[PDB]
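This is the structure, below, for whatever I ask next.
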Amino acid sequence: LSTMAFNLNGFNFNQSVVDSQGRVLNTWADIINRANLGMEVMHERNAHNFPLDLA
Amino acid sequence: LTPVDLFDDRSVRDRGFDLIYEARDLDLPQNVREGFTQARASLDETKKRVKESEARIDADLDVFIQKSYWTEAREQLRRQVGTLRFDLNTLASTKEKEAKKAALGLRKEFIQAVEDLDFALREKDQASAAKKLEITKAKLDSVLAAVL
Amino acid sequence: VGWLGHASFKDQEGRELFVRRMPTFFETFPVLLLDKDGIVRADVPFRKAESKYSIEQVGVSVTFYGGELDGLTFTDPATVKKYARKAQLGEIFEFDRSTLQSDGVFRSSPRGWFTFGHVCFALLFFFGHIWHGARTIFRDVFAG
Amino acid sequence: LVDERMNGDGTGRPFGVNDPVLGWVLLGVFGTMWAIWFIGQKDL
Amino acid sequence: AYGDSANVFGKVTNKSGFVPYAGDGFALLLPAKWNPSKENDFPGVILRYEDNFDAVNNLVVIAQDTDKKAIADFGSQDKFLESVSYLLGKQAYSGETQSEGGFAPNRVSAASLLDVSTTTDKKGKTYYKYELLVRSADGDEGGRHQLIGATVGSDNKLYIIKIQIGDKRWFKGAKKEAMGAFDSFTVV
Amino acid sequence: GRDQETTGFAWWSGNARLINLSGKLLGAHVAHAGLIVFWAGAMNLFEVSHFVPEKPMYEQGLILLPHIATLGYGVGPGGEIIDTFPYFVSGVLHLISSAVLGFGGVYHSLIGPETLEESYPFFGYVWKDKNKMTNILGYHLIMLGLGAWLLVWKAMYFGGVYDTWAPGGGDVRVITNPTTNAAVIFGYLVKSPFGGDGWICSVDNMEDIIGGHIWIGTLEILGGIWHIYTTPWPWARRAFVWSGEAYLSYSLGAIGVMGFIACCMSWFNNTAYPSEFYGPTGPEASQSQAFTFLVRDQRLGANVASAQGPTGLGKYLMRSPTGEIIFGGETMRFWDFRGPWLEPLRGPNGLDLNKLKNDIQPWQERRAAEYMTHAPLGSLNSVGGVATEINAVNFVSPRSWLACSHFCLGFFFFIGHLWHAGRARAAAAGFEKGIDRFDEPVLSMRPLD
Amino acid sequence: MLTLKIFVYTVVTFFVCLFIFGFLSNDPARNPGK
Amino acid sequence: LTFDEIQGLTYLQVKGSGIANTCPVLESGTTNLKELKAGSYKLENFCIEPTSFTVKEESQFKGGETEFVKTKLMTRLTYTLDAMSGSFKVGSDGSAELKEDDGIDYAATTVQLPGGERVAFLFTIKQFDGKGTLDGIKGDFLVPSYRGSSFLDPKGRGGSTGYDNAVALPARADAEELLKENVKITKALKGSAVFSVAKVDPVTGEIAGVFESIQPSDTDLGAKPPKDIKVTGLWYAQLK
Amino acid sequence: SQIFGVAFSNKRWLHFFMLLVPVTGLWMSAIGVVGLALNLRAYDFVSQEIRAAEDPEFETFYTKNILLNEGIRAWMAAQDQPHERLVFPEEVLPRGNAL
């Protein structure tokens, strides 16, 4: 938790599996990412004036 | 139901609107992203910027020192004058052997003067800042004579 | 109280639009109107800064056949969106939530309650079988 | 202004002493305690 | 059960990052990661692709039968842009408001043209091209880049390609994909 | 070697069998130093080999080179890396030096005598011999003081450290007027650790840094002479445990705190850790983003001054609780951030919209844009990105690595302090092994309830 | 509200002093036996 | 602290002091205003520091007249309009026009009135067009919605971006709750402000005086009725 | 007894408690999962839901968590549930300011 407090997030394997031509083969990790996006776009509905949540 | 209004802002790109995007293009070399390569390539543009810094150091700054506006004076240094050191270096690089060496020497003597004046502003010493600024002006003029 | 009647949602083009019904797994489901082909042609956009399927721009009108609103046509964006939200919950019926002062939230049927209670009892009784059965098998050790 | 505040937040004041009393009380309390500890058990 | 040996110690199939696509009288190199989309946002949509994650990054190829045999026949590029403004979208919000910074009264969305061009293919047909950044009061994605290019095919049909990229992704590499596909777009 | 039957310590506690072996203990410590120097040299040469001049050091995941760069080596105006050979010299020097230390440790661990007191009395030492212990501390205290003065010398002589706040652009500057005012030098020590004060992490001027090292350097050397010519006083002897494990516990606790302070320094400080080499700080990245959009929108035609946001607290600019004008948005938390690229636009009262409206220099923009993209946010597999991001960028802020690593190191060493300190106190009492089984104190205590 | 600050500052100092001077009170000798 | 005195202090010296939330004082100059040359002048460095925030409120009695009541600010400072540029002119007579153009013309402020009631209001003089004499330059100013259309409520319902319906209660998603749902009215209101020039410094071209303005309070996007907020304070500007 | 105020005095009871706590907890959670199977869940408190709807300003961490759940469902249903074949136009998806 302390390391993640310094922005050291956990393993990120989003779009890690790619086919021959380059099409992205989604995985369980990608599905977890889909949920993470939902929580992110909702948290602090009016507390973000810029896209990146660097804070 | 209203159509989204459209505005012709093509002029923004002319006024360095892509500076941020270029600086954020990791594909570009770091020097290109920082604009270092561009400036080193544009000698006339660099020389112009140098003269702009000279004006700020000469026909300016003294005002704040007179009214003890230290914050503004110290911010007067750096800002546009921020690239002065890089600019003087590339102009001196244009010189060769002794010419370049002598020019670099003048650049160093001037850089030292600007730091002395800045420390005077830090100690908020108007008398020291005044005299120090005059010394800095002479130093810059000498470096300008060589680099230009 | 009664049935308002079938709600027919049609775009300005005249294409019949079908309101996607709310899946049971979803407590709240976004309102979407799709053509027979299955292509979303209209919806209530969460962001209206530059919508491309807004009920207004699509110009969707709801006409009720049969029921209380039989022959009633609605073009008011608000009115159409209101019926669209009901349509996604299935047939639109009139409800008196005053006599019982309903809270506006759905409840489970006796069917669901019976299943929940008996499944719970069953799972617990499993522990009962293991406990009493273990005592019978290890009566000598449990003896005391 | 509309109200009155210490205006000490964000200022790096030693031990948050924005008034001489604060500084004096801290040293006084410690001195009394030291005297008690030394008198009860001599240090050296 | 084709006995294809695994590509152990083999060579990558495609690393270009773009997969060549061919349509009805139009051809372009779609971004490899982008997946097919099934949403007809506008009338005459022929090809519709979207990024694997952010749907804001999408590409639409609209083909409309037009009597004019030249994109110039439509008029000045500015005039044509006005006629194709529908792509930018429409503000459904109608509430009167003046608490939106950087936006005119009662306006919650603003599109800014930042570039216009008329490229020509080897065949010779010209291509009315426009680059615009649409901003919203919510400021989602820090703005949506809009690359719009149009031309009339030999089939006397107007072909329009509109690529949208969220500013966030735009300055994070997505621009390279968008530019590649936009330049790849060719109408016969 | 040694066996548990003769020491009572198992293999998992073998190094504890060297507590009374001064000679062997020397070899162990000397050898460990060889390992430290080895990594310093090996990793440095590895970084130099894996370094590329087309990218900033932070993008190349380099941690050692930034340190040498800050010392003002192979760097130029704007932090641009002129040459890397100086870095190569450092790696070579450390690597060869590690060999010498390694040989000494091996010798003092094999051929060298297990004890020294019997032969070399000066080196010979016995825990509890406070006089000797204090003398040993003195010698090392003087060494550290000399090291700090070496840095001070490099600052005012033999070139200068890189100054990110240098006038007319950031570059190496020879400190000529180091702060010696005690109030300023010790002010940081009494500063609150909370926001704004930032305790000693607030140091933003190299003059104070060099001046502070001047103070610590002298005090340490003087303290060493004091401990060399003084013995612990009665109060100290009656309030401290005199044993090797106790002495180690004291060092473990101290070094643990130092680790936590270093983590915060790397995460907040931008002066001692130039953002040019170490990358932008968390607050710096946030402020950079606000500046990037503020500039872009203003050019498009937006009045950032009167731009009310959705909450009505200002979309681009607002007022700090104190009153200073600050960037709007969630970055309000980082309103106390100070960077060489934003200071020029600031004034007595927060930011100066005048500078923001006109006088904004291109570099002030380019730098902010680069920092915004290279924010400290990252993943363990080094997939650069705020979060919920695709695997496209391969970058993790070096600041994040140092902050996370040293924090964890500090935590463990603090736990080590608790373990060694408690065991040392119990050992002195005599109940470290356990209860007597015949003199159980509880059995003699009141029956309580 | 300075009175509140003065009070808190004194209260804190007092307790902190008890802790420091208390451990200075030959705490190591508090061992049950030796 | 005069303007020059503030300029002398560094940002760090000012940081934490709170002086940044205070308008400069025209200690120099003359109380007389006649010296003020007649003409148009840039109203640069125009600052408005609210001395007090009073809210009109009916008297204790149920029919008690609604008088302004004293209140306690809950938002640490952050309420002083500053860095505002505009156009100010003066005729040979008392004729004086004060027109605000841009700058930090707005400042959200949440104050608690007696009885533990927090009344939030956006202190602002946006689009002020005062046209009275040198003193009492009466004028009207815009009062934009405290919250923007994008602003989402706890339920998520909002103007440009929002559910618009009570998604929580599906059966009651659309009903009398209309006042709170699908309303989110962000229409701007108007307020009256009066400015008076106490002193004029002709040599330094600086003017300072008192300001008085009564503006509506937050309407919660139409959810609640607005409340009159009488804000009185001092104003400083440099005519250059 | 002095540090925590209470302490076990029977080794048997201590170990019996060590095995009872974990087993009891797992069985409790199992009953909860049984309810979720039938969708009988404690999703939200109607009392606060009604208050939040009638009083827009009223807000609690409970209401905030409700909004998060709304995003998770809308921003994963398309893929997590491919059988539903749900194509949500980006405009219909719930997104907060910026982000």
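Order of writing sets the chain letters: A, B, C, D, E, F, G, H and I. Residues in each chain are counted from 1.
Definition applied: a contact is a pair of C-beta atoms (placed from the backbone, for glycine too) under 8 Å apart; a residue touches a chain by one contact, two chains touch by 3 or more.
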item: Where chain B and chain C overlap in contact partners, by chain label; value: E, H
item: Pair with more cross-chain C-beta pairs in contact, given D-G and A-I; value: A-I
item: Approximate Å spacing (C-alpha centroids) for the pair chain F, chain I; value: 41
item: For chain A paired with chain F, centre-to-centre distance based on mean C-alpha positions, whole Å; value: 31
item: Inter-chain centre distance, chain E versus chain F - centres from mean C-alpha coordinates, in Å; value: 50
item: Whole-Å gap separating chain C and chain E, where each centre is the average of the chain's CA atoms; value: 37
item: In chain I, residues with contacts to at least two other chains; value: 46, 49-50, 67, 70, 73-74, 87, 89, 93-99
item: Residues of chain H whose C-beta touches two or more other chains; value: 7-11, 15-18, 21-22, 76-77, 79, 144-152, 156, 160-161, 163, 166-169, 172
item: Touching two or more other chains - residue numbers and ranges from chain A; value: 14-15, 26, 30, 33-34, 37, 40, 44-53
item: Listing of all chain pairs that touch each other, if any do; value: A-E, A-F, A-H, A-I, B-C, B-E, B-F, B-H, C-E, C-H, C-I, D-F, D-G, D-H, E-F, E-H, E-I, F-G, F-H, F-I, H-I
item: In the complex with chain F, residue positions of chain D that touch it; value: 7, 9-12, 14-16, 42-44
item: Chain F-facing residues of chain E, complex; value: 33, 52-53, 99-102, 112, 133, 135, 137-139, 142, 171-173
item: For the chain F and chain G complex, residues of the former touching the latter; value: 235, 238-241, 425, 428-431, 439, 441
item: List of chain C residues in touch with chain E within their complex; value: 39-41, 45, 47-54, 56-57
item: Residue ranges of chain A in contact with chain H within the complex; value: 45-46
